[PDB]
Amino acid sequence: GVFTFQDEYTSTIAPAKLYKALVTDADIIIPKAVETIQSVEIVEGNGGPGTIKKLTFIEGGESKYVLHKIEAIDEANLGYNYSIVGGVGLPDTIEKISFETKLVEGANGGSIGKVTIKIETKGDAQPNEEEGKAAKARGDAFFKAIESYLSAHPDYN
């Protein structure tokens, strides 16, 4: 089956600046900002489509990682699309999970981070609800941490 979900994250940070932090400077800013992410590293590629990034994080006390494959990267339109192409642990009901993200102008000069999540399962298997909730909660924490960090360090590098 194919399932879609929509998240929106509000930020006080202006969209092009937030995109720069999330995308262009991800490898530097994200580990600094996000207290559960230890590193964001390029495994292969030049930064364009097909690039694989390894994001190492702590969960339940254990060091784990996920691999992201860049599907599209469009700074002009503040777009970034990627898929998850590896991780730690046994297979589950997800055959594939991918993301289409866009940043747009929000309130008082801030942003809204839009995310469409596409989950593909085998046959009539359903997405795991607890996981979706946890994933969204991580998304909230991720944007909060980035907002707090960029508020405290509006300049950098």
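Residue positions are given as counts along the sequence shown, with the first one as 1.
Asks: When the other structures of this protein are compared, and only where the residues around it are present, is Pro91 absent from a third or more of them?
Replies: Yes, a third or more of the compared structures omit it.
Asks: Between 46 to 54 and 105 to 113, point out the one with the higher average CA B-factor as the PDB entry records it.
Replies: The stretch with the larger mean CA B-factor is 105 to 113.
Asks: Going by the mean C-alpha B-factor recorded in the entry, which is higher: 136 to 144 or 9 to 17?
Replies: Taking the mean B-factor of the alpha carbons in each, 9 to 17 is higher.
Asks: When you compare the CA B-factors of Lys64, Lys118, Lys122, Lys69 as listed in the entry, which one comes out on top?
Replies: Reading the PDB entry, the winner on C-alpha B-factor is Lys122.
Asks: Within this chain, which third does the Cα B-factor at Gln38 fall in: lowest, middle or highest?
Replies: Middle third of the chain for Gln38's C-alpha B-factor.
Asks: If you rank every modelled residue in this chain by C-alpha B factor, which third holds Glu129: lowest, middle or highest?
Replies: Tercile = middle for this residue's CA B-factor.
Asks: Looking at the entry's B-factor column for C-alpha atoms only, identify whether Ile94 ranks in the lowest, middle or highest third of its chain.
Replies: According to the entry, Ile94 has a C-alpha B-factor in the chain's highest third.
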